[PDB]
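S.K.: Sharing target-v4.pdb, PDB, C-alpha atoms:
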```pdb
ATOM      1  CA  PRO E   2      49.601-125.175  -2.636  1.00  0.00           C
ATOM      2  CA  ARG E   3      46.288-125.668  -4.492  1.00  0.00           C
ATOM      3  CA  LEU E   4      45.623-124.582  -8.054  1.00  0.00           C
ATOM      4  CA  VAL E   5      41.992-124.063  -9.069  1.00  0.00           C
ATOM      5  CA  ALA E   6      41.553-123.659 -12.794  1.00  0.00           C
ATOM      6  CA  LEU E   7      38.575-122.978 -15.033  1.00  0.00           C
ATOM      7  CA  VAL E   8      39.403-124.193 -18.554  1.00  0.00           C
ATOM      8  CA  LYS E   9      37.499-122.641 -21.467  1.00  0.00           C
ATOM      9  CA  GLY E  10      37.395-123.382 -25.202  1.00  0.00           C
ATOM     10  CA  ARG E  11      37.070-126.522 -27.289  1.00  0.00           C
ATOM     11  CA  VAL E  12      37.937-128.820 -24.359  1.00  0.00           C
ATOM     12  CA  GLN E  13      35.265-131.544 -24.163  1.00  0.00           C
ATOM     13  CA  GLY E  14      35.150-134.553 -26.507  1.00  0.00           C
ATOM     14  CA  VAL E  15      38.933-134.232 -27.070  1.00  0.00           C
ATOM     15  CA  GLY E  16      40.434-136.447 -24.327  1.00  0.00           C
ATOM     16  CA  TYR E  17      41.315-133.379 -22.198  1.00  0.00           C
ATOM     17  CA  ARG E  18      40.600-134.899 -18.780  1.00  0.00           C
ATOM     18  CA  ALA E  19      42.796-137.961 -19.290  1.00  0.00           C
ATOM     19  CA  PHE E  20      45.494-135.669 -20.730  1.00  0.00           C
ATOM     20  CA  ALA E  21      45.389-133.588 -17.530  1.00  0.00           C
ATOM     21  CA  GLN E  22      45.393-136.738 -15.380  1.00  0.00           C
ATOM     22  CA  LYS E  23      48.511-138.073 -17.054  1.00  0.00           C
ATOM     23  CA  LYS E  24      50.439-134.789 -16.762  1.00  0.00           C
ATOM     24  CA  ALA E  25      49.363-134.435 -13.107  1.00  0.00           C
ATOM     25  CA  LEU E  26      50.453-137.895 -12.089  1.00  0.00           C
ATOM     26  CA  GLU E  27      53.810-137.520 -13.910  1.00  0.00           C
ATOM     27  CA  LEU E  28      54.395-134.531 -11.562  1.00  0.00           C
ATOM     28  CA  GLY E  29      53.150-136.280  -8.419  1.00  0.00           C
ATOM     29  CA  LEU E  30      50.165-133.982  -8.225  1.00  0.00           C
ATOM     30  CA  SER E  31      46.778-134.802  -6.742  1.00  0.00           C
ATOM     31  CA  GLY E  32      43.428-133.353  -7.711  1.00  0.00           C
ATOM     32  CA  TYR E  33      40.749-133.751 -10.360  1.00  0.00           C
ATOM     33  CA  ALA E  34      39.446-132.684 -13.780  1.00  0.00           C
ATOM     34  CA  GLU E  35      35.680-132.418 -14.049  1.00  0.00           C
ATOM     35  CA  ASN E  36      33.498-131.609 -17.089  1.00  0.00           C
ATOM     36  CA  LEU E  37      31.037-128.751 -16.555  1.00  0.00           C
ATOM     37  CA  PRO E  38      27.604-128.466 -18.291  1.00  0.00           C
ATOM     38  CA  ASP E  39      28.602-125.380 -20.284  1.00  0.00           C
ATOM     39  CA  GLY E  40      31.535-127.117 -21.973  1.00  0.00           C
ATOM     40  CA  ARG E  41      34.210-125.815 -19.606  1.00  0.00           C
ATOM     41  CA  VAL E  42      36.411-128.000 -17.403  1.00  0.00           C
ATOM     42  CA  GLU E  43      37.188-127.496 -13.709  1.00  0.00           C
ATOM     43  CA  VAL E  44      40.710-128.633 -12.823  1.00  0.00           C
ATOM     44  CA  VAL E  45      42.083-128.699  -9.275  1.00  0.00           C
ATOM     45  CA  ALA E  46      45.636-129.747  -8.410  1.00  0.00           C
ATOM     46  CA  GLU E  47      47.675-129.793  -5.203  1.00  0.00           C
ATOM     47  CA  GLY E  48      51.465-129.980  -4.857  1.00  0.00           C
ATOM     48  CA  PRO E  49      54.601-127.806  -5.093  1.00  0.00           C
ATOM     49  CA  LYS E  50      54.243-124.491  -6.901  1.00  0.00           C
ATOM     50  CA  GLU E  51      56.869-125.295  -9.517  1.00  0.00           C
ATOM     51  CA  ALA E  52      55.123-128.563 -10.408  1.00  0.00           C
ATOM     52  CA  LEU E  53      51.744-126.770 -10.482  1.00  0.00           C
ATOM     53  CA  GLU E  54      53.067-124.176 -12.866  1.00  0.00           C
ATOM     54  CA  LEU E  55      54.420-126.818 -15.255  1.00  0.00           C
ATOM     55  CA  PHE E  56      51.049-128.561 -14.994  1.00  0.00           C
ATOM     56  CA  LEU E  57      49.275-125.276 -15.693  1.00  0.00           C
ATOM     57  CA  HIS E  58      51.460-124.852 -18.781  1.00  0.00           C
ATOM     58  CA  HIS E  59      50.071-128.182 -19.976  1.00  0.00           C
ATOM     59  CA  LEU E  60      46.492-127.195 -19.189  1.00  0.00           C
ATOM     60  CA  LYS E  61      46.863-124.133 -21.397  1.00  0.00           C
ATOM     61  CA  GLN E  62      47.724-126.362 -24.378  1.00  0.00           C
ATOM     62  CA  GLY E  63      45.686-129.559 -23.952  1.00  0.00           C
ATOM     63  CA  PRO E  64      45.875-132.571 -26.269  1.00  0.00           C
ATOM     64  CA  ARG E  65      46.080-132.020 -30.037  1.00  0.00           C
ATOM     65  CA  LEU E  66      42.343-131.720 -30.845  1.00  0.00           C
ATOM     66  CA  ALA E  67      41.723-129.330 -27.993  1.00  0.00           C
ATOM     67  CA  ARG E  68      41.645-125.540 -28.498  1.00  0.00           C
ATOM     68  CA  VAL E  69      42.163-123.933 -25.094  1.00  0.00           C
ATOM     69  CA  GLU E  70      40.854-120.304 -25.083  1.00  0.00           C
ATOM     70  CA  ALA E  71      41.802-119.420 -21.554  1.00  0.00           C
ATOM     71  CA  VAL E  72      42.527-120.929 -18.123  1.00  0.00           C
ATOM     72  CA  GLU E  73      41.321-118.722 -15.296  1.00  0.00           C
ATOM     73  CA  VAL E  74      43.167-119.562 -12.119  1.00  0.00           C
ATOM     74  CA  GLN E  75      43.269-118.921  -8.395  1.00  0.00           C
ATOM     75  CA  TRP E  76      45.808-120.153  -5.865  1.00  0.00           C
ATOM     76  CA  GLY E  77      44.773-121.494  -2.503  1.00  0.00           C
ATOM     77  CA  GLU E  78      45.568-124.002   0.245  1.00  0.00           C
ATOM     78  CA  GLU E  79      45.898-127.753   0.020  1.00  0.00           C
ATOM     79  CA  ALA E  80      43.046-129.826   1.503  1.00  0.00           C
ATOM     80  CA  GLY E  81      44.729-133.194   1.284  1.00  0.00           C
ATOM     81  CA  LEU E  82      43.520-134.507  -2.052  1.00  0.00           C
ATOM     82  CA  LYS E  83      45.290-137.754  -3.138  1.00  0.00           C
ATOM     83  CA  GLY E  84      45.531-139.255  -6.590  1.00  0.00           C
ATOM     84  CA  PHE E  85      44.061-137.561  -9.673  1.00  0.00           C
ATOM     85  CA  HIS E  86      40.424-138.304 -10.585  1.00  0.00           C
ATOM     86  CA  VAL E  87      38.386-137.494 -13.705  1.00  0.00           C
ATOM     87  CA  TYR E  88      34.619-136.814 -13.722  1.00  0.00           C
TER
END
```
Just dump the structure as structure tokens.

M.R.:
Amino acid sequence: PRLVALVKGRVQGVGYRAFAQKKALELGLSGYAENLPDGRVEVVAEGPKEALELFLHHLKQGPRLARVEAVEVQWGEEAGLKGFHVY
């Protein structure tokens, strides 16, 4: 399946995207983590539900300087993303 997450809090300037990329690739997930102009981060990942939930657990924590307020999520269908890209 596809996970679409909107990450809110103190999540830019804290190495969050590369953190998400590493956790995604360790789980064989594909997708992306993109910085938004308001300070939030859009994260999309595709793969098995169990792997996506573990990944989502990581997104809710972030690296040690991050302060994740909330991760709003929706579940959808895989489009065929491959590899994990930051932007």

S.K.: My list of candidates is E:19, E:57, E:52, E:8. Which is closest to residue E:70 when distances are computed with all atoms listed in the file?

M.R.: E:8

S.K.: Translate the PyMOL selection byres ((chain E and resi 56) around 12) into a concrete residue list for this structure, as a compact mmCIF listing (two decimals) with C-alpha atoms, in the frame of the given file.

M.R.:
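Writing done, so here's out.txt:
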```
# COMPACT_ATOMS: atom_id res chain seq x y z
CA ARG E 3 46.29 -125.67 -4.49
CA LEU E 4 45.62 -124.58 -8.05
CA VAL E 5 41.99 -124.06 -9.07
CA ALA E 6 41.55 -123.66 -12.79
CA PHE E 20 45.49 -135.67 -20.73
CA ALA E 21 45.39 -133.59 -17.53
CA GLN E 22 45.39 -136.74 -15.38
CA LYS E 23 48.51 -138.07 -17.05
CA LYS E 24 50.44 -134.79 -16.76
CA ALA E 25 49.36 -134.44 -13.11
CA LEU E 26 50.45 -137.90 -12.09
CA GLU E 27 53.81 -137.52 -13.91
CA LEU E 28 54.40 -134.53 -11.56
CA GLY E 29 53.15 -136.28 -8.42
CA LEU E 30 50.16 -133.98 -8.22
CA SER E 31 46.78 -134.80 -6.74
CA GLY E 32 43.43 -133.35 -7.71
CA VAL E 44 40.71 -128.63 -12.82
CA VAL E 45 42.08 -128.70 -9.28
CA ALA E 46 45.64 -129.75 -8.41
CA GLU E 47 47.68 -129.79 -5.20
CA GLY E 48 51.46 -129.98 -4.86
CA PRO E 49 54.60 -127.81 -5.09
CA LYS E 50 54.24 -124.49 -6.90
CA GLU E 51 56.87 -125.30 -9.52
CA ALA E 52 55.12 -128.56 -10.41
CA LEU E 53 51.74 -126.77 -10.48
CA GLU E 54 53.07 -124.18 -12.87
CA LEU E 55 54.42 -126.82 -15.26
CA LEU E 57 49.28 -125.28 -15.69
CA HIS E 58 51.46 -124.85 -18.78
CA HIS E 59 50.07 -128.18 -19.98
CA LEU E 60 46.49 -127.20 -19.19
CA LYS E 61 46.86 -124.13 -21.40
CA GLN E 62 47.72 -126.36 -24.38
CA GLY E 63 45.69 -129.56 -23.95
CA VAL E 72 42.53 -120.93 -18.12
```

S.K.: Point out the residue among E:42, E:34, E:15, E:7 with the least atom-to-atom distance to residue E:88, counting all atoms listed in the file.

M.R.: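 Closest residue, counting all atoms listed in the file: E:34.
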
S.K.: Could you write out as a PyMOL selection string the residues that the PyMOL selection byres ((chain E and resi 40) around 8) matches in the shown file?

M.R.: chain E and resi 9-13+36-39+41-42

S.K.: Please produce a file of those selected residues containing C-alpha atoms, as a PDB file, keeping the file's coordinate frame.

M.R.:
```
ATOM      1  CA  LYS E   9      37.499-122.641 -21.467  1.00  0.00           C
ATOM      2  CA  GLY E  10      37.395-123.382 -25.202  1.00  0.00           C
ATOM      3  CA  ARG E  11      37.070-126.522 -27.289  1.00  0.00           C
ATOM      4  CA  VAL E  12      37.937-128.820 -24.359  1.00  0.00           C
ATOM      5  CA  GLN E  13      35.265-131.544 -24.163  1.00  0.00           C
ATOM      6  CA  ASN E  36      33.498-131.609 -17.089  1.00  0.00           C
ATOM      7  CA  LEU E  37      31.037-128.751 -16.555  1.00  0.00           C
ATOM      8  CA  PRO E  38      27.604-128.466 -18.291  1.00  0.00           C
ATOM      9  CA  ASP E  39      28.602-125.380 -20.284  1.00  0.00           C
ATOM     10  CA  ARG E  41      34.210-125.815 -19.606  1.00  0.00           C
ATOM     11  CA  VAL E  42      36.411-128.000 -17.403  1.00  0.00           C
TER      12      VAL E  42
END
```

S.K.: Using Å and a single decimal, report how far atom CA of residue E:77 sits from atom CA of residue E:2.

M.R.: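 About the pair atom CA of residue E:2 and atom CA of residue E:77: they are 6.1 Å apart.
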
S.K.: Box time for stretch 54-64 of chain E: axis-aligned, enclosing all its listed atoms, 6 Å extra on each side; report centre and edge lengths in Å to one decimal, as JSON.

M.R.:
```
{"center_x": 50.1, "center_y": -128.4, "center_z": -19.6, "size_x": 20.7, "size_y": 20.4, "size_z": 25.4}
```

S.K.: One decimal, Å: what's the distance from atom CA of residue E:81 over to atom CA of residue E:14, could you say?

M.R.: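 Atom CA of residue E:81 sits 29.4 Å away from atom CA of residue E:14.
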
S.K.: I'd like the interatomic distance between atom CA of residue E:74 and atom CA of residue E:43, to a tenth of an Å.

M.R.: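 Between atom CA of residue E:74 and atom CA of residue E:43 the gap works out to 10.1 Å.
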